[PDB]
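Colleague: Contents of model07.cif (mmCIF, C-alpha atoms and all ligand atoms):
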data_model
#
loop_
_atom_site.label_atom_id
_atom_site.label_comp_id
_atom_site.auth_asym_id
_atom_site.auth_seq_id
_atom_site.Cartn_x
_atom_site.Cartn_y
_atom_site.Cartn_z
CA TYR A 1 5.75 23.73 10.81
CA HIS A 2 5.14 25.45 7.49
CA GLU A 3 6.78 22.72 5.40
CA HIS A 4 4.52 20.13 7.04
CA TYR A 5 1.59 22.47 6.35
CA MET A 6 2.44 22.66 2.65
CA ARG A 7 3.12 18.92 2.40
CA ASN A 8 -0.23 18.00 3.95
CA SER A 9 -2.09 20.51 1.76
CA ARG A 10 -0.40 19.17 -1.38
CA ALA A 11 -1.06 15.52 -0.50
CA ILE A 12 -4.69 16.16 0.42
CA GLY A 13 -5.14 18.05 -2.84
CA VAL A 14 -3.77 15.07 -4.76
CA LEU A 15 -6.15 12.70 -2.96
CA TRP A 16 -9.00 15.14 -3.60
CA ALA A 17 -8.24 15.01 -7.32
CA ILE A 18 -8.09 11.20 -7.21
CA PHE A 19 -11.47 10.99 -5.48
CA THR A 20 -12.88 13.52 -7.95
CA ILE A 21 -11.85 11.22 -10.80
CA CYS A 22 -13.37 8.27 -8.93
CA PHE A 23 -16.66 10.13 -8.55
CA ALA A 24 -16.58 11.04 -12.24
CA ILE A 25 -16.20 7.35 -13.06
CA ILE A 26 -19.13 6.61 -10.75
CA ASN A 27 -21.26 9.26 -12.45
CA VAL A 28 -20.48 7.88 -15.90
CA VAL A 29 -21.23 4.32 -14.77
CA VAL A 30 -24.59 5.19 -13.21
CA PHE A 31 -25.57 7.31 -16.22
CA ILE A 32 -24.75 4.50 -18.67
CA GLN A 33 -25.52 1.25 -16.87
CA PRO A 34 -29.28 0.39 -16.81
CA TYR A 35 -29.54 -1.18 -13.34
CA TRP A 36 -31.45 1.41 -11.32
CA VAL A 37 -34.47 -0.84 -10.70
CA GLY A 38 -35.02 -4.55 -11.25
CA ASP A 39 -37.52 -7.37 -11.03
CA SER A 40 -38.25 -9.39 -7.89
CA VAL A 41 -39.55 -12.87 -7.13
CA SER A 42 -43.18 -11.68 -7.06
CA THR A 43 -42.88 -9.55 -10.20
CA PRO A 44 -45.08 -10.53 -13.19
CA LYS A 45 -42.26 -10.19 -15.75
CA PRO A 46 -38.45 -10.02 -15.44
CA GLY A 47 -36.23 -7.14 -16.42
CA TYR A 48 -34.61 -3.91 -15.29
CA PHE A 49 -34.40 -0.29 -16.35
CA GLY A 50 -32.16 2.73 -15.90
CA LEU A 51 -32.64 6.41 -16.63
CA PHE A 52 -33.58 5.90 -20.30
CA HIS A 53 -32.79 2.29 -21.25
CA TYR A 54 -35.08 -0.56 -20.20
CA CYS A 55 -34.98 -4.32 -20.83
CA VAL A 56 -38.00 -6.57 -20.25
CA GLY A 57 -38.58 -10.29 -20.59
CA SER A 58 -41.12 -11.76 -22.98
CA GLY A 59 -42.41 -14.14 -20.29
CA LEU A 60 -41.61 -17.69 -21.43
CA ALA A 61 -39.38 -19.02 -18.61
CA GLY A 62 -36.31 -17.69 -20.41
CA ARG A 63 -34.28 -14.51 -20.69
CA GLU A 64 -35.12 -13.20 -24.21
CA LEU A 65 -34.71 -9.68 -22.85
CA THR A 66 -35.97 -7.28 -25.49
CA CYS A 67 -34.16 -3.99 -24.88
CA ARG A 68 -35.36 -0.53 -25.89
CA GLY A 69 -34.43 3.05 -25.03
CA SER A 70 -31.71 5.56 -25.81
CA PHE A 71 -30.89 9.08 -24.65
CA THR A 72 -30.13 10.17 -28.22
CA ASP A 73 -33.77 9.46 -29.17
CA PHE A 74 -36.03 11.03 -26.54
CA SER A 75 -39.06 9.33 -28.13
CA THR A 76 -38.10 5.93 -26.70
CA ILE A 77 -37.78 7.14 -23.09
CA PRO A 78 -40.89 5.90 -21.20
CA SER A 79 -41.90 9.15 -19.47
CA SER A 80 -41.11 12.81 -18.95
CA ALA A 81 -39.78 12.24 -15.43
CA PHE A 82 -37.26 9.78 -16.86
CA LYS A 83 -36.22 12.38 -19.44
CA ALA A 84 -35.75 15.03 -16.75
CA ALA A 85 -33.75 12.68 -14.52
CA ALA A 86 -31.54 11.61 -17.43
CA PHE A 87 -30.90 15.31 -18.24
CA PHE A 88 -29.88 16.16 -14.62
CA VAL A 89 -27.59 13.06 -14.35
CA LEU A 90 -25.92 14.24 -17.65
CA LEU A 91 -25.62 17.90 -16.54
CA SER A 92 -23.97 16.41 -13.40
CA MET A 93 -21.56 14.35 -15.51
CA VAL A 94 -20.73 17.34 -17.80
CA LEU A 95 -20.08 19.48 -14.65
CA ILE A 96 -17.76 16.87 -12.97
CA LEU A 97 -15.88 16.44 -16.28
CA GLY A 98 -15.61 20.23 -16.41
CA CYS A 99 -13.86 20.20 -13.04
CA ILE A 100 -11.51 17.46 -14.23
CA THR A 101 -10.74 19.72 -17.19
CA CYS A 102 -10.28 22.70 -14.85
CA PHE A 103 -7.56 20.75 -13.04
CA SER A 104 -5.36 21.98 -15.90
CA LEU A 105 -5.77 25.56 -14.61
CA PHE A 106 -3.59 24.70 -11.59
CA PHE A 107 -0.49 25.45 -13.68
CA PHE A 108 -1.21 29.16 -14.22
CA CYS A 109 -4.20 30.31 -12.19
CA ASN A 110 -4.07 30.88 -8.45
CA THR A 111 -4.58 27.59 -6.64
CA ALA A 112 -7.27 28.93 -4.31
CA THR A 113 -9.36 30.21 -7.22
CA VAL A 114 -9.18 26.87 -9.06
CA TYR A 115 -10.02 24.95 -5.84
CA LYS A 116 -13.14 27.16 -5.43
CA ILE A 117 -14.07 26.85 -9.16
CA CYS A 118 -14.14 23.03 -8.70
CA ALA A 119 -15.79 23.38 -5.27
CA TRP A 120 -18.71 25.22 -6.99
CA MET A 121 -18.71 22.81 -9.99
CA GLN A 122 -18.88 19.81 -7.64
CA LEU A 123 -21.62 21.38 -5.44
CA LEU A 124 -23.76 21.97 -8.59
CA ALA A 125 -22.99 18.39 -9.81
CA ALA A 126 -24.30 16.97 -6.49
CA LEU A 127 -27.43 19.21 -6.68
CA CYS A 128 -28.12 17.94 -10.25
CA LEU A 129 -27.52 14.28 -9.19
CA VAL A 130 -29.94 14.91 -6.24
CA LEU A 131 -32.65 16.48 -8.49
CA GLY A 132 -32.13 13.53 -10.88
CA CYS A 133 -32.55 11.04 -8.04
CA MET A 134 -35.68 12.77 -6.72
CA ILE A 135 -37.28 13.11 -10.16
CA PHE A 136 -36.56 9.58 -11.44
CA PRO A 137 -39.10 7.91 -9.05
CA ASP A 138 -41.91 10.08 -10.51
CA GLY A 139 -41.88 8.11 -13.78
CA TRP A 140 -42.66 4.81 -12.05
CA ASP A 141 -46.34 5.17 -13.09
CA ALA A 142 -45.36 4.87 -16.79
CA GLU A 143 -47.29 2.00 -18.36
CA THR A 144 -44.01 0.48 -19.55
CA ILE A 145 -42.70 0.38 -15.98
CA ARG A 146 -46.09 -0.72 -14.65
CA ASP A 147 -46.18 -3.59 -17.16
CA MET A 148 -42.97 -5.09 -15.76
CA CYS A 149 -43.21 -4.35 -12.04
CA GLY A 150 -46.99 -4.84 -11.77
CA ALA A 151 -50.15 -2.98 -10.80
CA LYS A 152 -48.94 -2.09 -7.30
CA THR A 153 -46.21 0.19 -8.70
CA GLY A 154 -46.85 3.91 -8.82
CA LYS A 155 -45.39 7.33 -8.22
CA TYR A 156 -42.86 7.23 -5.38
CA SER A 157 -43.67 3.57 -4.72
CA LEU A 158 -41.48 0.61 -5.62
CA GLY A 159 -44.35 -1.87 -5.52
CA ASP A 160 -42.85 -5.27 -6.36
CA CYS A 161 -39.58 -4.21 -8.02
CA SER A 162 -36.46 -3.54 -5.96
CA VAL A 163 -33.63 -1.04 -6.32
CA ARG A 164 -30.48 -2.43 -7.94
CA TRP A 165 -26.88 -1.32 -7.57
CA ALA A 166 -27.04 1.73 -9.85
CA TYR A 167 -29.56 3.59 -7.69
CA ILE A 168 -27.66 3.19 -4.42
CA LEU A 169 -24.44 3.93 -6.28
CA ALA A 170 -26.02 7.20 -7.46
CA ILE A 171 -26.98 8.04 -3.87
CA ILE A 172 -23.39 7.31 -2.86
CA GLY A 173 -22.32 9.57 -5.71
CA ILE A 174 -24.48 12.36 -4.29
CA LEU A 175 -22.82 11.98 -0.89
CA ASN A 176 -19.34 11.74 -2.42
CA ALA A 177 -19.91 14.84 -4.56
CA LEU A 178 -21.14 16.88 -1.60
CA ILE A 179 -18.20 15.80 0.57
CA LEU A 180 -15.72 16.52 -2.24
CA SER A 181 -17.30 19.95 -2.72
CA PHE A 182 -16.78 20.85 0.94
CA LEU A 183 -13.27 19.38 0.72
CA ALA A 184 -12.50 21.65 -2.23
CA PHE A 185 -13.87 24.70 -0.40
CA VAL A 186 -11.75 23.96 2.65
CA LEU A 187 -8.65 23.37 0.51
CA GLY A 188 -9.23 26.61 -1.40
CA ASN A 189 -9.45 28.58 1.83
CA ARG A 190 -6.48 26.61 3.22
CA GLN A 191 -4.01 27.54 0.46
CA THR A 192 -4.56 31.20 1.33
CA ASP A 193 -3.86 30.40 5.01
CA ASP B 1 -32.08 -16.69 -12.69
CA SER B 2 -32.50 -16.28 -8.95
CA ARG B 3 -34.03 -12.78 -8.92
CA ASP B 4 -32.41 -11.78 -5.63
CA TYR B 5 -30.08 -8.78 -5.24
CA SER B 6 -28.41 -8.92 -1.82
CA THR B 7 -24.75 -9.67 -2.56
CA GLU B 8 -24.77 -7.02 -5.29
CA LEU B 9 -26.26 -4.37 -3.02
CA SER B 10 -23.91 -5.47 -0.24
CA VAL B 11 -20.76 -5.03 -2.34
CA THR B 12 -22.03 -1.72 -3.72
CA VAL B 13 -22.66 -0.42 -0.19
CA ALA B 14 -19.24 -1.70 0.91
CA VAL B 15 -17.43 0.14 -1.89
CA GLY B 16 -19.45 3.28 -1.24
CA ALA B 17 -18.72 3.17 2.48
CA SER B 18 -15.02 2.74 1.69
CA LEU B 19 -14.93 5.81 -0.57
CA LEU B 20 -16.94 7.92 1.88
CA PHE B 21 -14.69 6.83 4.74
CA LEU B 22 -11.61 7.88 2.77
CA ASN B 23 -13.18 11.30 2.25
CA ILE B 24 -13.89 11.65 5.97
CA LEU B 25 -10.23 10.75 6.49
CA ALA B 26 -9.41 13.66 4.18
CA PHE B 27 -11.40 15.94 6.49
CA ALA B 28 -9.60 14.33 9.42
CA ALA B 29 -6.26 15.26 7.86
CA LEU B 30 -7.36 18.84 7.18
CA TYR B 31 -9.27 19.86 10.31
CA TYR B 32 -6.62 18.38 12.64
CA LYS B 33 -4.46 21.41 13.41
CA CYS C 1 -17.69 29.05 7.00
CA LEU C 2 -16.31 27.53 10.26
CA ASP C 3 -12.87 28.95 9.23
CA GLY C 4 -14.06 32.38 10.44
CA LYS C 5 -14.55 33.97 7.00
CA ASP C 6 -17.83 35.47 5.66
CA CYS C 7 -20.08 33.21 3.53
CA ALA C 8 -18.86 35.29 0.54
CA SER C 9 -15.22 35.21 1.74
CA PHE C 10 -15.42 31.41 2.28
CA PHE C 11 -17.53 30.25 -0.69
CA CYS C 12 -16.61 32.85 -3.36
CA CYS C 13 -13.52 34.36 -5.06
CA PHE C 14 -13.51 38.19 -4.69
CA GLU C 15 -9.81 38.88 -3.94
CA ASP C 16 -9.46 40.97 -7.16
CA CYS C 17 -12.38 39.71 -9.33
CA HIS C 18 -12.14 39.73 -15.55
CA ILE C 19 -8.62 41.01 -14.90
CA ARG C 20 -6.88 37.87 -16.22
CA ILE C 21 -7.87 38.12 -19.87
CA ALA C 22 -4.40 38.44 -21.44
CA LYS C 23 -3.70 34.89 -20.22
CA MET C 24 -6.84 33.57 -21.93
CA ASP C 25 -4.72 32.10 -24.73
CA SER C 26 -2.50 30.37 -22.16
CA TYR C 27 -5.49 28.64 -20.54
CA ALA C 28 -7.03 27.54 -23.84
CA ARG C 29 -3.75 25.93 -24.93
CA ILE C 30 -4.21 23.15 -22.35
CA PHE C 31 -7.92 23.49 -21.51
CA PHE C 32 -9.22 22.66 -24.98
CA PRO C 33 -7.03 19.56 -25.56
CA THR C 34 -7.96 18.38 -22.06
CA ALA C 35 -11.68 18.81 -22.73
CA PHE C 36 -11.46 17.00 -26.06
CA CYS C 37 -9.45 14.15 -24.53
CA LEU C 38 -11.99 13.68 -21.73
CA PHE C 39 -14.89 13.82 -24.19
CA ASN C 40 -13.31 11.12 -26.35
CA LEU C 41 -12.58 8.93 -23.32
CA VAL C 42 -16.19 8.96 -22.11
CA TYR C 43 -17.54 8.79 -25.67
CA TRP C 44 -15.54 5.74 -26.76
CA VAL C 45 -15.82 3.87 -23.46
CA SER C 46 -19.59 4.39 -23.36
CA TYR C 47 -20.26 2.94 -26.81
CA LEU C 48 -17.68 0.13 -27.00
CA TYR C 49 -17.71 -1.33 -23.47
CA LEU C 50 -20.41 -0.02 -21.13
CA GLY C 51 -23.29 -0.06 -23.61
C1 LIG D 1 -9.09 7.37 -15.93
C2 LIG D 1 -9.40 8.85 -15.90
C3 LIG D 1 -8.18 9.73 -15.88
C4 LIG D 1 -8.50 11.20 -15.79
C5 LIG D 1 -7.29 12.10 -15.84
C6 LIG D 1 -7.62 13.57 -15.78
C7 LIG D 1 -6.47 14.50 -16.11
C8 LIG D 1 -6.90 15.88 -16.50
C9 LIG D 1 -5.82 16.67 -17.17
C10 LIG D 1 -4.70 17.06 -16.62
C11 LIG D 1 -4.62 17.89 -15.38
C12 LIG D 1 -3.22 18.18 -14.95
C13 LIG D 1 -3.13 19.18 -13.81
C14 LIG D 1 -1.75 19.35 -13.22
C15 LIG D 1 -1.64 20.52 -12.29
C16 LIG D 1 -0.32 20.63 -11.56
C17 LIG D 1 -0.26 21.87 -10.73
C18 LIG D 1 0.77 21.81 -9.64
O1 LIG D 1 1.96 21.77 -9.80
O2 LIG D 1 0.20 21.82 -8.42
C19 LIG D 1 0.41 22.97 -7.55
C20 LIG D 1 -0.43 22.72 -6.32
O3 LIG D 1 -1.76 22.33 -6.75
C21 LIG D 1 -2.26 21.24 -6.19
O4 LIG D 1 -1.84 20.77 -5.17
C22 LIG D 1 -3.39 20.68 -6.99
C23 LIG D 1 -3.11 19.31 -7.53
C24 LIG D 1 -4.18 18.86 -8.51
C25 LIG D 1 -3.77 17.70 -9.38
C26 LIG D 1 -4.66 17.49 -10.57
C27 LIG D 1 -4.23 16.38 -11.50
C28 LIG D 1 -4.23 15.01 -10.88
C29 LIG D 1 -4.20 13.89 -11.88
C30 LIG D 1 -4.27 12.51 -11.27
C31 LIG D 1 -4.66 11.42 -12.24
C32 LIG D 1 -4.95 10.10 -11.58
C33 LIG D 1 -5.90 9.21 -12.34
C34 LIG D 1 -6.52 8.12 -11.50
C35 LIG D 1 -7.56 7.29 -12.20
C36 LIG D 1 -8.27 6.32 -11.28
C37 LIG D 1 0.08 24.26 -8.26
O5 LIG D 1 1.16 24.63 -9.17
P1 LIG D 1 2.23 25.74 -8.73
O6 LIG D 1 2.64 25.48 -7.31
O7 LIG D 1 3.28 25.82 -9.81
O8 LIG D 1 1.37 27.09 -8.79
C38 LIG D 1 1.98 28.34 -8.37
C39 LIG D 1 1.05 29.49 -8.68
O9 LIG D 1 1.62 30.71 -8.22
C40 LIG D 1 0.71 29.60 -10.15
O10 LIG D 1 0.13 28.39 -10.64
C1 LIG D 2 -16.39 19.37 -22.28
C2 LIG D 2 -16.08 18.27 -21.29
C3 LIG D 2 -15.52 18.85 -20.01
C4 LIG D 2 -17.30 17.41 -21.02
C5 LIG D 2 -17.84 16.62 -22.20
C6 LIG D 2 -19.04 15.75 -21.85
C7 LIG D 2 -19.23 14.52 -22.76
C8 LIG D 2 -18.23 13.44 -22.37
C9 LIG D 2 -20.69 14.01 -22.78
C10 LIG D 2 -21.67 15.08 -23.30
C11 LIG D 2 -22.84 14.32 -23.97
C12 LIG D 2 -22.58 12.86 -23.59
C13 LIG D 2 -23.33 11.75 -24.34
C14 LIG D 2 -24.83 11.94 -24.20
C15 LIG D 2 -25.61 10.72 -24.58
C16 LIG D 2 -25.10 9.50 -24.71
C17 LIG D 2 -25.98 8.34 -25.10
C18 LIG D 2 -25.79 7.14 -24.20
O1 LIG D 2 -26.56 6.04 -24.69
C19 LIG D 2 -24.34 6.76 -24.14
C20 LIG D 2 -23.50 7.93 -23.62
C21 LIG D 2 -23.62 9.19 -24.49
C22 LIG D 2 -22.99 8.91 -25.87
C23 LIG D 2 -22.92 10.38 -23.77
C24 LIG D 2 -21.40 10.22 -23.66
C25 LIG D 2 -20.71 11.39 -22.96
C26 LIG D 2 -21.04 12.75 -23.60
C27 LIG D 2 -20.46 12.83 -25.03
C1 LIG D 3 -14.57 1.37 -15.84
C2 LIG D 3 -15.55 2.22 -16.64
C3 LIG D 3 -14.98 3.64 -16.79
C4 LIG D 3 -16.00 4.52 -17.50
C5 LIG D 3 -15.33 5.78 -18.06
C6 LIG D 3 -14.72 6.60 -16.92
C7 LIG D 3 -14.43 8.03 -17.37
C8 LIG D 3 -13.99 8.85 -16.16
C9 LIG D 3 -14.03 10.35 -16.46
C10 LIG D 3 -13.03 10.71 -17.56
CL CL D 4 -28.58 6.47 -25.81
#
As a first step, turn the structure in this file into structure tokens.
Ligand SMILES: CCCCCCCC/C=C\CCCCCCCC(=O)O[C@H](COC(=O)CCCCCCCCCCCCCCC)COP(=O)(O)OC[C@@H](O)CO
Ligand SMILES: CC(C)CCC[C@@H](C)[C@H]1CC[C@H]2[C@@H]3CC=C4C[C@@H](O)CC[C@]4(C)[C@H]3CC[C@]12C
Ligand SMILES: CCCCCCCCCC
Ligand SMILES: [Cl-]
Modeller:
Amino acid sequence: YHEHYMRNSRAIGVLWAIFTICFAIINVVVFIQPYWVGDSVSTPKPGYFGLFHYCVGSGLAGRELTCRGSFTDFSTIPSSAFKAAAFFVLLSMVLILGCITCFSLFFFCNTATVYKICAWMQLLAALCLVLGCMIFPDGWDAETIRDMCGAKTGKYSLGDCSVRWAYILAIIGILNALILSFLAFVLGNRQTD
Amino acid sequence: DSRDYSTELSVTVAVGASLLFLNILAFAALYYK
Amino acid sequence: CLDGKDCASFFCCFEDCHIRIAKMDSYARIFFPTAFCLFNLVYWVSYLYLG
């Protein structure tokens, strides 16, 4: 019975590490890719925007998407809520990468302690990704966002624009991070047995 | 460009559901004594 | 804490907790190269491919 116990714990730990790396990839993709919100059929102008970067059309029945924004230069970010959300989504990425680094501690440190260290680093990463997802909709009143989406847009109101893949992928990342955190806690308590 | 995002959201939700389902399978493996 | 442990016993490490400070050099031998490798991977992929 005990050899099966150890085999299942080892395999589930390996899969937990694999899914942790997958969630880290998801976090990097959502932080980088600017597809959190996008135009619709009834929108005045076309374009899309992410946490800091935003691309808008000039409005001549073509693409000509002038693109502006960068996290290195906080001046170009449209609003303070966008800056706060971009910070939290980064703190979340730096905390998930810290767990992937802390995988190296499995050689020397006790396995239960490392499992719990990543459990707590994944819980915090999910909390940051959740604060970043709640705060990002507050900057939808920014004149730059209002210019693209239209007058109907406002705080906590899509208006005419629609959520694109990055937003729902970030929500999925929140759920994945929370589940992985509980998985790490259970594994850490399970090695002790 | 047809400014409609349904296939994109659909595939994103499908991939997300797949990953989440695998994680619930991880809980299934653990909590099953 | 469904396992039957206390919230502290389930969600925190207090078995001996630091005591392991002599092995600090051992951890940094593989921690620091791992951190630098991950930082380069995200740094280069972000600027060359994703955006
Ligand atoms: C594209 C992005 C790629 C990112 C790659 C990130 C890589 C980051 C750096 C390296 C980490 C290497 C960690 C290797 C750790 C190996 C540790 C090991 O042997 O596992 C044992 C069980 O632990 C466990 O089941 C825990 C197992 C954790 C495994 C962690 C590494 C998995 C790497 C999978 C990579 C797949 C990539 C997929 C990309 C899609 C613990 O030992 P041991 O019994 O002796 O203890 C006895 C005790 O008394 C003292 O330690
Ligand atoms: C120490 C280990 C565990 C974590 C290191 C975190 C690294 C990978 C983080 C910290 C700061 C991050 C950068 C912050 C800002 C930007 C600007 C953006 O337009 C592209 C991504 C980029 C360039 C990030 C890349 C990843 C980055 C370098
Ligand atoms: C396919 C795009 C991958 C983006 C970088 C992933 C890094 C994962 C954490 C090291
Ligand atoms: Cl940037």
Colleague: Between atom CA of residue A:192 and atom CA of residue A:122, what is the distance, to one decimal in Å?
Modeller: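 Spanning atom CA of residue A:192 to atom CA of residue A:122 is a straight-line distance of 20.4 Å.
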Colleague: Under the rule that all atoms listed in the file are counted, which of A:174, A:119, A:169, A:67 is the nearest residue to chain B?
Modeller: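 Nearest to chain B: A:169.
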Colleague: Residues within 9 Å of stretch 11-18 of chain B, please, as an NGL selection string. Count only C-alpha atoms; anything in the same chain fewer than 2 positions from it doesn't count.
Modeller: (:A and (165-166 or 168-169 or 172-173 or 176)) or (:B and (6-9 or 20-23))
Colleague: For the atom pair atom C29 of ligand LIG 1 (chain D) and atom CA of residue A:9, what is the interatomic distance in Å to one decimal place?
Modeller: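 Distance reported for this atom pair: 15.3 Å.
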Colleague: Around ligand LIG 1 (chain D), out to 8 Å and counting all atoms listed in the file, which residues are there? I want them as an MDAnalysis selection string.
Modeller: (chainID A and resid 9:14 16:18 21:22 25 100:111 115) or (chainID C and resid 34 38)
